[PDB]
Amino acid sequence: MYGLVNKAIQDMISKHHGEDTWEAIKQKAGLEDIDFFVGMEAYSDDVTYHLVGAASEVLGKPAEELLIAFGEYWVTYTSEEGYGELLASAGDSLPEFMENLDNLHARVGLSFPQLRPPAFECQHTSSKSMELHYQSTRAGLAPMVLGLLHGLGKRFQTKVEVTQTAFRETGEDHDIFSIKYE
């Protein structure tokens, strides 16, 4: 993934648990070489997987929980690190933001040539409900989408309840989320 992801994890861990913990997570990840992450630089996906696995050990939390928390932190963090305007352009309500996802990724992919964006398909099901189909080149990140949705809820001051209705883990073609909202 691009450095920005890893920076965000470092920053989420650092603010919530201080620096020496970061550094131990870092060493346990096998990442002592690497001095700092470069935001626009492509890294191997394992750097991120190993960061998450190592934070899970050091902090005594499932990787999945850490992933939910990352998903919550990620929109706010990117909005403050140079992507504020861009996220603002993707809309003024949660459902408008969902529908703009693909066009947002098209714009992001101008600046990040090797972006592998996930596929998001949104069905507006009832008035306070949506169904979100999620397909990724990466495995295991459904809990992050959950947290991200919560983050979007907060962004647009909209109450959100999210339930995963289908899991790739059980052998379904893709992750599906039912989303109920304010």
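In this text, the rigid core denotes the largest set of C-alpha atoms whose superposition between the two forms falls within 1.5 Å. Numbering starts at 1 and follows the sequence shown.
- Take 120-128 and 46-54, fit the other structures onto the shown form by the rigid core, and average the C-alpha distances in 4 other deposited structures of this protein: the farther stretch is 120-128.
- After a core fit, the C-alpha atoms in 4 other deposited structures of this protein lie farther on average from the shown form in one of 164-172 and 17-25, namely 164-172.
- As the entry records it, the average C-alpha temperature factor is higher for 13-21, out of 13-21 and 166-174.
- Stretch comparison (123-131 versus 151-159) by mean CA B-factor in the PDB entry places 123-131 on top.
- Across 40, 115, 145, 59, the greatest Cα temperature factor reported in the deposited entry is at 59.
- When the modelled residues of the chain are ordered by their C-alpha B factor, residue 27 lands in the highest third.
- Ranked by C-alpha B-factor against the other modelled residues of its chain, residue 63 falls in the middle third.
- In this PDB entry, residue 75 carries a Cα temperature factor that places it within the middle third of its chain's modelled residues.
- Placement of the Cα temperature factor of residue 101 within the chain: lowest third of the modelled residues, per the deposited record.
- In the PDB entry, a CA B factor belonging to the highest third of its chain's modelled residues is recorded for residue 110.
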